[PDB]
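Contents: one structure, followed by commentary.
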Amino acid sequence: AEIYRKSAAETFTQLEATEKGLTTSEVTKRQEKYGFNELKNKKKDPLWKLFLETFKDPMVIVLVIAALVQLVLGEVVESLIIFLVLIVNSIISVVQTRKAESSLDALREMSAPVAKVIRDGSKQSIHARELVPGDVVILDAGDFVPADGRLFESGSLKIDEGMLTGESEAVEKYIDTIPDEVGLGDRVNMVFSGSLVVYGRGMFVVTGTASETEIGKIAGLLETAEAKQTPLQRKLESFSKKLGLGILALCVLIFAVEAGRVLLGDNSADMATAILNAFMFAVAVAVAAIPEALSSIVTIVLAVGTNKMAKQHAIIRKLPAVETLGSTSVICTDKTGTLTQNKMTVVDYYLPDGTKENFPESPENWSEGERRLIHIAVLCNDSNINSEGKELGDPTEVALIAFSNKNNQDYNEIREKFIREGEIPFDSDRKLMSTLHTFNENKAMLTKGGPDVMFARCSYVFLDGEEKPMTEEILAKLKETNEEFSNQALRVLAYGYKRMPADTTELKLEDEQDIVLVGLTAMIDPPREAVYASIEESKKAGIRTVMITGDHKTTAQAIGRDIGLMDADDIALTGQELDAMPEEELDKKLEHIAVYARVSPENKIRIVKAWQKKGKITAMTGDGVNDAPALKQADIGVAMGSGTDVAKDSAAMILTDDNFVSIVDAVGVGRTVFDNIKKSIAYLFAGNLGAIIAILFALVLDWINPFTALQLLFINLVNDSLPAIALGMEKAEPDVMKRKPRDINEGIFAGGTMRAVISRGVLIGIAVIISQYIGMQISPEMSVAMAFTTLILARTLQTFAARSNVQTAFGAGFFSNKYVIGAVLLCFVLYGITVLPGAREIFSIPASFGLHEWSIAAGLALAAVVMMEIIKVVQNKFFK
Ligand SMILES: [Ca+2]
Ligand SMILES: [Mg+2]
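Last residue of the sequence shown? That's 974 in the working numbering, and every number before it is there in order.
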């Protein structure tokens, strides 16, 4: 910016320096007033018990204190079960919040940038945190540029600038003083901090050592510190406490028979302490109706979803948001590095004949000119693939070796067969590089370069025999094949094989005369193969996708056509067009275009804001600083595993393997988490209402109260904590995909839940009431005890089809979930122990043998379940 307009000498006039040396007379002083290089002193678990952290949501811990004031004066009377159920619920929550695995990789991402620099006229390797403005620092293909600056020494230099602004192909570097560019960085020819150099030699004056750097300026947009809530943070419990509190208001009128409420004589003049019993039954009813475990359910169902992503090399942070990827509808992407592999690979070879479209593997089934094209493509390289595959050197030569890997013929054998006989390394001004080798013991000249440069020098072409191209019908074919490749946006390279006569001396600068052309190699950064299926899965899932990248438009059109995103009927859209019209018309054209090219990091904010503004939950995936603002403005951010540490820290999802199908897997676990969180609470809410109507029906006819305070705590202990948690582990529901993303305008009150729990609660109420009326034969220990066991049996047995709203409890239901089987078994045996313990016998004193009517009561409980079963048939029938 601007620095480019002035020369390399005028730029340092403002910034005190001599471009060389910079003794400590200023370095030891002005660096402090200038500030330090690093921005990392910005933005960067206690777990003493961490159960207090869970003790901050609306609780019953204050309510349970009132239990002691009534439980005192009796050694066996005291009931601490309500106190101890909640602490156990927190214990499982905190241990499942730990997940036996922390948000690791926190120690993995270490920058530790080092720069080889000249201080006080001496050669050293000073830490990048100590670079001073105006400093003279050399560059090589073993590190990256540590600070923004202006180049002084220029030759055979290009850098991988695409990490911060998004050109897949590297940009060349040379000294220039063109003032009339924009300043994005695609042509400024200025070193931008953090960018990896390709190869060559670099030596530049360090202009900016501060947050003023372009990478630091990107963090200036990150500096806004945008903190928001989670889309599921809306709390229906706030309405539930209103309903629960209202029941308590009616509950003090439930015990209207008391002398203080009956307004009648014939009873004790004093109100007879039954208020405490009424108050005891009131809070016990209230704590039964209160979905206390619902808050604990949220943590457990989310933690396992994060744990499942940990086995897919998709470790994530910010646990409370994993269903967001399940609820998204539009996905923002980022061409460079995010879809492409950030590794240039040759995908199409063309020869003037070019008979074969796929390069044959075994050389025995090759073509005639294919050998020469490979030989020049393996010998005219400056890279090397070591025993691990380090790909040291320029990426284009790595693609040539990658081509040599396709045929299984390693480049090392040919490089060993003909080591070298002298060569002219590539220089920026003359885009050519020629290497001399031996063919059938005869010295041969091999030169490679740009397409049009060779088309000016393609004085011969050989595929079966060397001959003049007559500058027509073959040179035109080179023009049309170069043109279509440019239409495909491929950095096509042309290769030539010249017959050096007999003994060859050193190759002079002008030896590429009468160079016989071999063929053309077309290379382009290809998208990862994982994104092919990831789109067909997303396309059928009703999740729209848009690609945004600051690369050139021609590349943006080529990709997407290979992915299916491009409409193939309209031109792509560029960032400058957004400014041409108001943002409301941008919303109009937002849905009729899916590719955006040449967009600033701020241009990503406006589009991602518009997607959020239209009510669709958006997600941003990318690598590099050119994506950090969009990640935060998106309520869910996905950082590529190979991106800059700025991107990984800013976003909320990391894919260490750099896989892309994990996003679909993260979508699926997010959808299942929402269904589990929408069904686990549906089960407890439905059964809790069944208890309410049981009390309510006894009110209208003033039946004996059908429940006892000690058992309300017990049913809650066994049908509000364990079964709810187990249902949160519900198997992968049938076709969790193929469903359009859940509408964010609808809460848990959607038809799928309310139109089911309402019927579910009524069926419970009918069952328990029948038990009371059947139990009306004897009021004590028969009318009140018989109803308790039916509710416990009915409540814990209807979980069979509360496991899934699609799969039948028996037709498609099995012991698929060991958690629900264990929870069902544990609550069953625990109740079975406590019905015939021989020590307590809340049931009638005759227990475990006077079961002749316990069968019908148990059968009555199953009758509701089988009547609940036909509701499943109703779900699967046409009557819906
Ligand atoms: Ca409860
Ligand atoms: Mg990128």
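Virtual Cβ for every residue (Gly too), placed ideally from N, Cα, C.
Helix, strand or coil at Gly-236 [DSSP, three-state]: Translated into positions along the sequence shown, residue 236 becomes position 142. Three-state result, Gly-236: coil.
Option nearest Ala-958 by Cα separation, candidates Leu-924, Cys-921, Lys-912 and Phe-894: To locate residue 958, count along the sequence shown from 1; it is residue 864. Residue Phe-894 is the option with its Cα nearest to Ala-958.
Bridge partner(s) assigned by DSSP for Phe-298: Position 204 of the sequence shown holds residue 298. Answer is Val-231 and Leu-245, bridged to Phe-298.
Test item: CB-CB of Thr-615 and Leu-419 under 9 Å: Residue mapping note: residue 615 aligns to position 521 of the sequence shown, counting from 1. Residue mapping note: residue 419 aligns to position 325 of the sequence shown, counting from 1. Not in contact: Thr-615 and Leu-419 (Cβ atoms no closer than 9 Å).
The alpha helix (DSSP H) enclosing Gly-926, as first and last residue numbers: Counted from its first residue, the sequence shown places residue 926 at position 832. Run containing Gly-926: 912 to 929, per the alpha helix (DSSP H) assignment.
Sequence-distant residues of the same chain with beta carbon closer than 7 Å to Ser-248, five excluded per side: Translated into the one-based positions of the sequence shown, residue 248 becomes position 154. Contacts found: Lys-267, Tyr-268 and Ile-269.
Identity of the residues DSSP links to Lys-267 by a beta bridge: Within the sequence shown, residue 267 is the residue found at index 173, counting from 1. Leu-251.
Pairwise C-alpha distance: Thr-802 and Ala-951: Along the sequence shown, one-based indexing puts residue 951 at 857. Along the sequence shown, one-based indexing puts residue 802 at 708. Each residue's alpha carbon lies about 18 Å from the other.
Length of the line joining the Cα atoms of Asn-799 and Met-870: Counting from 1 along the sequence shown, the entry for residue 799 is found at position 705. Counting from 1 along the sequence shown, the entry for residue 870 is found at position 776. Rounded to whole angstroms, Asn-799 to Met-870 spans 11 Å at the Cα level.
Contact test: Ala-780 Cβ vs ligand 1 heavy atom, cutoff 8 Å: Against the sequence shown, residue 780 aligns to sequence position 686. For ligand 1, not one heavy atom lies less than 8 Å from the Cβ of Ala-780.
From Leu-811, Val-211 and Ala-570, residue whose alpha carbon lies closest to that of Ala-550: Position 456 of the sequence shown, counted from the first residue, corresponds to residue 550. Nearest C-alpha to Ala-550: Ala-570.
Element boundaries [alpha helix (DSSP H), containing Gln-805]: Within the sequence shown, numbered from 1, the residue matching residue 805 stands at position 711. Run containing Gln-805: 803 to 813, per the alpha helix (DSSP H) assignment.
Residue environment, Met-365, which counts as buried when at least 16 other CB atoms sit within 10 Å: For the purposes of this step, residue 365 is taken as the residue at position 271 of the sequence shown. By the neighbour-count rule (16 or more Cβ atoms within 10 Å), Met-365 is not buried but exposed.
Near ligand 2: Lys-429 beta-carbon under 8 Å from a heavy atom: On the sequence shown, position 335 is the one that residue 429 refers to. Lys-429 Cβ: within cutoff of ligand 2.
Neighbour-count burial assignment, residue 978, 16 or more Cβ in a 10 Å radius: The requested residue 978 does not occur in the structure, where the chain is confined to residues 95 to 974.
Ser-332 burial status per 10 Å Cβ neighbour count (16 or more: buried): Start at 1 with the first residue of the sequence shown, and residue 332 comes out as number 238. Exposed, by the Cβ-count rule.
Proximity of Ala-728 and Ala-713 at Cβ, strictly below 9 Å: Reading the sequence shown from its first residue, position 634 is the one you call residue 728. Reading the sequence shown from its first residue, position 619 is the one you call residue 713. Yes, the pair counts as a contact, with Cβ atoms nearer than the cut-off.
Collapsed DSSP secondary structure at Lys-698 in the structure displayed: Locating residue 698 in the sequence shown gives position 604, where the first residue counts as 1. Reduced to three states, the DSSP call for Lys-698 is helix.
Sub-9 Å separation of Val-851 and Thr-766 beta-carbons: Your numbering for residue 851 matches position 757 in the sequence shown. Your numbering for residue 766 matches position 672 in the sequence shown. Their beta carbons are not under 9 Å apart, which means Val-851 does not touch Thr-766 by this criterion.
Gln-805 burial status per 10 Å Cβ neighbour count (16 or more: buried): Position 711 of the sequence shown, counted from the first residue, corresponds to residue 805. Under this definition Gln-805 is a buried residue.
Beta carbon nearer than 5 Å to a non-hydrogen atom of ligand 1: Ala-382, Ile-384, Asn-810 and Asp-814
Opening and closing residue of the beta strand (DSSP E) in which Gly-590 lies: Against the sequence shown, residue 590 aligns to sequence position 496. Looking at the DSSP string, the run of the beta strand (DSSP E) that includes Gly-590 is 587 to 592.
Three-pair Cβ contact test at 8 Å for the stretch 618 to 632 versus the stretch 435 to 443: yes
Terminal residues of the alpha helix (DSSP H) in which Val-379 lies: Translated into the one-based positions of the sequence shown, residue 379 becomes position 285. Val-379 -> alpha helix (DSSP H) spans 368 to 383.
Validate contact between the stretch 634 to 642 and the stretch 461 to 479 using beta carbons, cut 8 Å, 3 pairs: no
Opposing strand residues paired with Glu-517 [DSSP bridges]: The residue labelled residue 517 in the question sits at position 423 within the sequence shown. Paired residue(s): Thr-529.
Heavy atom of ligand 2 within 8 Å of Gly-260 beta-carbon: Here the question's residue 260 lines up with position 166 in the sequence shown. Indeed, a heavy atom of ligand 2 lies less than 8 Å from the Cβ.
Alpha-carbon to alpha-carbon, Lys-647 and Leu-667: As a working note, residue 667 is residue 573 in the sequence shown. As a working note, residue 647 is residue 553 in the sequence shown. Approximately 8 Å between the Cα atoms of the pair.
Cross-strand partners of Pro-621 (DSSP beta bridge): In the sequence shown, counting from the first residue as 1, residue 621 sits at position 527. According to DSSP, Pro-621 bridges with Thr-434.
The alpha helix (DSSP H) enclosing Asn-782, as first and last residue numbers: One-based indexing of the sequence shown puts residue 782 at position 688. Looking at the DSSP string, the run of the alpha helix (DSSP H) that includes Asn-782 is 755 to 794.
Neighbourhood of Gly-354 by C-beta, 8 Å cutoff - its chain only, sequence neighbours within 5 removed: Counted from its first residue, the sequence shown places residue 354 at position 260. Excluding residues within five positions, the ones whose Cβ falls inside 8 Å are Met-365 and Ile-369.
Test item: CB-CB of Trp-948 and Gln-866 under 9 Å: Here residue 948 refers to the residue found at position 854 of the sequence shown. Here residue 866 refers to the residue found at position 772 of the sequence shown. For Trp-948 and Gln-866, no; Cβs fall outside 9 Å.
Neighbourhood of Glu-417 by C-beta, 6 Å cutoff - its chain only, sequence neighbours within 5 removed: Counting from 1 along the sequence shown, the entry for residue 417 is found at position 323. Answer for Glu-417: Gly-764, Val-767 and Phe-768, listed in chain order.
Proximity test, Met-257 beta-carbon vs ligand 2 heavy atom, cut-off 8 Å: For the purposes of this step, residue 257 is taken as the residue at position 163 of the sequence shown. Checking every heavy atom of ligand 2 against the Cβ of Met-257, one is found closer than 8 Å.
Residues near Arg-655 in its chain [Cβ-Cβ closer than 7 Å; skip 5 each side]: Sequence index remark: in the sequence shown, residue 655 carries index 561 (1-based). Within the same chain, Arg-655 has close Cβ partners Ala-662.
Nearest-angstrom Cα separation, counted from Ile-212 out to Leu-672: Indexing the sequence shown from 1 puts residue 672 at position 578. Indexing the sequence shown from 1 puts residue 212 at position 118. Spanning the two alpha carbons is a distance of roughly 46 Å.
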